[PDB]
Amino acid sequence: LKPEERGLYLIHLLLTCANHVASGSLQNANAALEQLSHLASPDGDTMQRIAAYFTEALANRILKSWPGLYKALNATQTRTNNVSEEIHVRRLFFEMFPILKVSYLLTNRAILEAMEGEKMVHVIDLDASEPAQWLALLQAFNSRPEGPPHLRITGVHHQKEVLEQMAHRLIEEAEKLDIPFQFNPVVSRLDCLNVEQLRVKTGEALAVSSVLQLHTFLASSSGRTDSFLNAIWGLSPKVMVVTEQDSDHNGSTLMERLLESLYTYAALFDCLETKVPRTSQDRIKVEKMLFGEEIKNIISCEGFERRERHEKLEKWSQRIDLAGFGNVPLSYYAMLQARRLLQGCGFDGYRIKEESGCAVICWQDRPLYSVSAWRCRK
């Protein structure tokens, strides 16, 4: 079986099986899944790896069609904590892809420019997982001509160990940088988060950073997102910076989301193929623990259980602008610095496109993520 004939046949199987899933024919879906199992492979080429995670996702969805069987398969629920591995895979994403470095650079510039002249700055991090985002902003605040303001950072995360490492690293750097700095952790999932927990004081300039968190609220195009954006609006932030996936993965039907997500993750899996060896354990961890989980959630989950409801930038702009925010175009030279970052080792093939004052991070011609800055209107 030719490798190129193997790849295209895998695509047909995915669409065919998905139709059998929608039709509900378990016999016809099982036969399609049997074929996928022998051809797909997490160690194979790009299409074999892509097929492996979409195949597992599709099989998980039809497993949910029998709730008794699905639950019984987890009756001995393996309640567990895998924090160290999850920190490790996030570090790999930060280092093997330029997405977060570009996002951090652009959002830190937008915050610094919003905090010109402010002596009291409070930054709210809705996903405080990587301390590299604020370590750079600490040095930049210290280097700014007017000297550093009093900096306060509120970190929100659902795991204490993640907040302990960030707090330790940020206090250690701020103590070296001689910056008056305060970090208060907030242990909470984002849905149960209340404004009162953020403990914002009066008279301090505020900035909100939402890295890949806004689409979470679209789960059961949403009313939960409106309430959260309005809650953020009431806090009167001087700037809100939003980093989101730039793909329509929130389509109504299974076939809709399968078609688009196949194109998006084919691009993401393509970067690793052109850069990292097939035998790399780092590559497999990222492909499984990150993209595989997102693919599985997009394909096999519904209702509130489907949190990876990615939408394009144009939808987010309307949604955020209707919530009372005005767009703050990213700095031309911040965009130039982000492009120079892409000239780094192993970042060729990426491109940054400007779209209505916002940045779109692309692989080849395929959009992947967007970065946008917003201020309160009225």
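Start at 1 with the first residue shown and count on from there.
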Deposited but uncoordinated residues in the residue 220/residue 221 interval: 10 or more
Would you mind comparing 188-196 and 258-266 for me and telling me which has the higher average C-alpha temperature factor in the entry? 188-196
Using the B-factors recorded in the PDB entry, average over the C-alpha atoms of 147-155 and of 73-81, then report which stretch comes out higher. 73-81
Say you rank 235, 100, 208, 136 by Cα B-factor from the PDB entry; which sits at the top? 235
For the C-alpha B-factor as written in the entry, point me to the maximum among 109, 285, 224, 296. 224
Report the third (lowest, middle or highest) to which the CA temperature factor of residue 202 belongs, ranking only the modelled residues of the same chain. highest
Is residue 179 in the lowest, middle or highest third of its chain when residues are ranked by C-alpha B-factor? highest
Ranked by Cα temperature factor within the chain, is residue 329 in the lowest third, the middle third or the highest third? lowest
Of the three thirds of the chain ranked by Cα temperature factor, residue 338 occupies the lowest
Please place residue 348 in the lowest, middle or highest third of its chain according to the CA B-factor in the PDB entry. middle
